[PDB]
């Protein structure tokens, strides 16, 4: 309890000129004393964070200059860390449900915990993704360096992978209603794309789909009973 005030007071003082660590100390202490659910340190030019209040369920720290996070409290449900300079993340609490860390410099994600439902991590430097947890509903990984993709869990609804280097797409679960796959290196599509719901959104423009893929898809989608989705794509 006073462990935090000692830690925070010393972190108060150890800052470069622009960091608004003076406001940060105030928000940290109040957050501890009133046992608040959310800690909001966004837009404070912070280059580091100290140890965090243990009871919080929302950590909002977007638009700072963080290179690393401290250990994450075990009750966190939502973490918004987008627009920092994060190079990695610490271990994620088992309670984590929503993680936004887009627009950082993260080269690898840590193990993804079982309750994660929304992962938004575009504009990083990911070459690989860890295995996806069973409740994942939304996955946004556009604008990274992804060469390959782990298999999809069977509740995934939204998938955004534009502007990567994916060569092969794993099978798409019937739960998927939004598949944004532009500007990759796909030459073929998984058969399961055609088995999605009729109103599903599918965009594979900007991929070098082979001639056989194109003729295959043209024969099926123009069949008189075709019930699959509309597929957007491009040539040239």
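Numbering follows the first chain given and starts at 1.
**Student:** Which of the two stretches, 199 to 207 or 32 to 40, shows the higher mean Cα temperature factor in the record?
**Tutor:** The stretch with the larger average C-alpha B-factor is 32 to 40.
**Student:** May I ask you to compare 21 to 29 and 212 to 220 by their mean CA B factor in the entry and name the higher one?
**Tutor:** Between 21 to 29 and 212 to 220, it is 21 to 29.
**Student:** Which third of the chain holds residue 231 when residues are ordered by C-alpha B factor: lowest, middle or highest?
**Tutor:** Lowest third, going by the recorded CA B-factors of the chain.
**Student:** Can you tell me which third, lowest, middle or highest, the CA B-factor of residue 183 falls into for its chain?
**Tutor:** Lowest third, going by the recorded CA B-factors of the chain.
**Student:** Please say which third, lowest, middle or highest, residue 108 falls into when its CA temperature factor is compared across its chain.
**Tutor:** Lowest third.
**Student:** Would the CA B-factor of residue 133 place it in the lowest, middle or highest third of its chain?
**Tutor:** Answer is middle: the recorded C-alpha B-factor places it there.
**Student:** Split into thirds by Cα B-factor across the chain's modelled residues, where does residue 78 land: lowest, middle or highest?
**Tutor:** Tercile = middle for this residue's CA B-factor.
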